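Chemist: Let me begin by handing over the structure; questions about it come next.
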Number of protein chains: 2
Amino acid sequence: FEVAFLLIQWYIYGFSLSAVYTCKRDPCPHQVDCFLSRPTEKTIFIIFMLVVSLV
Amino acid sequence: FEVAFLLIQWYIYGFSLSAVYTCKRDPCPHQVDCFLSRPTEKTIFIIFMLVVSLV
């Protein structure tokens with residue numbers, strides 16, 4: 001379970017969050033730009049959770 | 001003068017106006033979409049002016 005959850009967590013989005021996200025969706029015209037809430041703190045907590053899972 | 005003005009008028013934008021315009025500019029992020037005021041009436045008047053110039 002640990003290994004599978006870690007693999008899915010890596011596959012979906014990796015191990016970091018970017019401040020700027022490029023979104024291409026049907027309602028949005030052409031290629032729109034969006035921004036995350038607090039990417040750096042979320043990335044830091046991602047790193048702690050990944051380390052805890054590894055340990 | 002007639003011929004040169006007609007050639008420039010054709011070269012810059014052609015002889016018709018489209019309701020939807022795709023704009024790519026430095027301030028605008030990615031590729032933005034804009035709309036003209038009254039494209040059909042403007043196109044009709046373009047056709048009259050082109051015909052008058054030709055005559």
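Each chain in the structure tokens gets a letter, A, B, ..., in the order shown, and its residues are numbered from 1; ligands are numbered from 1 in order too.
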With a distance threshold of 8 Å and counting only C-alpha atoms, extract the residues of chain A near chain B and express them as an MDAnalysis selection string.

Modeler: chainID A and resid 29:33

Chemist: Go ahead and save the residues from that selection, with C-alpha atoms, as a compact mmCIF listing (two decimals), in the first residue's frame.

Modeler:
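Output file result03.txt is given in full below:
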```
# COMPACT_ATOMS: atom_id res chain seq x y z
CA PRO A 29 -10.82 29.76 -24.78
CA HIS A 30 -7.38 28.85 -26.18
CA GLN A 31 -4.78 28.25 -23.41
CA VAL A 32 -5.45 29.95 -20.07
CA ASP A 33 -3.14 30.76 -17.15
```

Chemist: With a distance cut-off of 12 Å and only C-alpha atoms, select the neighbouring residues of residue 46 of chain A, excluding the residue or stretch itself and same-chain residues fewer than 6 positions from it, and output the selection as number ranges by chain.

Modeler: A: 6, 9-10, 13-17, 39-40, 52-53

Chemist: Going by DSSP on the backbone, which bits of chain B are helix (DSSP H, G or I)? Write them as a ChimeraX atom specification, please.

Modeler: /B:2-13,39-54

Chemist: If we count only C-alpha atoms, what is near residue 36 of chain A at a cut-off of 8 Å, once residues fewer than 3 positions away on the same chain are taken out, given as a PDB file with N, CA, C and O atoms, in the first residue's frame?

Modeler:
```pdb
ATOM      1  N   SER A  18       3.984  24.167  -8.739  1.00  0.00           N
ATOM      2  CA  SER A  18       4.437  25.357  -9.444  1.00  0.00           C
ATOM      3  C   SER A  18       3.445  26.493  -9.235  1.00  0.00           C
ATOM      4  O   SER A  18       2.231  26.271  -9.201  1.00  0.00           O
ATOM      5  N   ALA A  19       3.970  27.712  -9.095  1.00  0.00           N
ATOM      6  CA  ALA A  19       3.111  28.864  -8.842  1.00  0.00           C
ATOM      7  C   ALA A  19       2.182  29.136 -10.015  1.00  0.00           C
ATOM      8  O   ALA A  19       1.038  29.565  -9.826  1.00  0.00           O
ATOM      9  N   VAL A  20       2.655  28.894 -11.232  1.00  0.00           N
ATOM     10  CA  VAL A  20       1.916  29.185 -12.454  1.00  0.00           C
ATOM     11  C   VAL A  20       1.508  27.864 -13.089  1.00  0.00           C
ATOM     12  O   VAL A  20       2.341  26.966 -13.256  1.00  0.00           O
ATOM     13  N   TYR A  21       0.228  27.737 -13.433  1.00  0.00           N
ATOM     14  CA  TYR A  21      -0.301  26.532 -14.053  1.00  0.00           C
ATOM     15  C   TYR A  21      -0.968  26.891 -15.374  1.00  0.00           C
ATOM     16  O   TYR A  21      -1.820  27.783 -15.424  1.00  0.00           O
ATOM     17  N   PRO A  39       2.063  27.772  -3.311  1.00  0.00           N
ATOM     18  CA  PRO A  39       2.824  26.621  -3.829  1.00  0.00           C
ATOM     19  C   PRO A  39       4.039  26.216  -3.006  1.00  0.00           C
ATOM     20  O   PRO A  39       4.324  25.018  -2.894  1.00  0.00           O
TER      21      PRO A  39
END
```

Chemist: Mind giving me the straight-line distance from atom CA of residue 3 of chain A to atom CA of residue 54 of chain A in Å, one decimal?

Modeler: 8.9 Å

Chemist: Can you work out the spacing between atom CA of residue 26 of chain A and atom CA of residue 25 of chain B in Å, to one decimal?

Modeler: 22.4 Å

Chemist: Could you check how far atom CA of residue 2 of chain A sits from atom CA of residue 49 of chain A, in Å to one decimal?

Modeler: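 Atom CA of residue 49 of chain A lies 11.8 Å from atom CA of residue 2 of chain A.
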
Chemist: DSSP on the backbone: which residues in chain A end up as strand (DSSP E)? Give the answer as a PyMOL selection string.

Modeler: chain A and resi 20-23+32-35
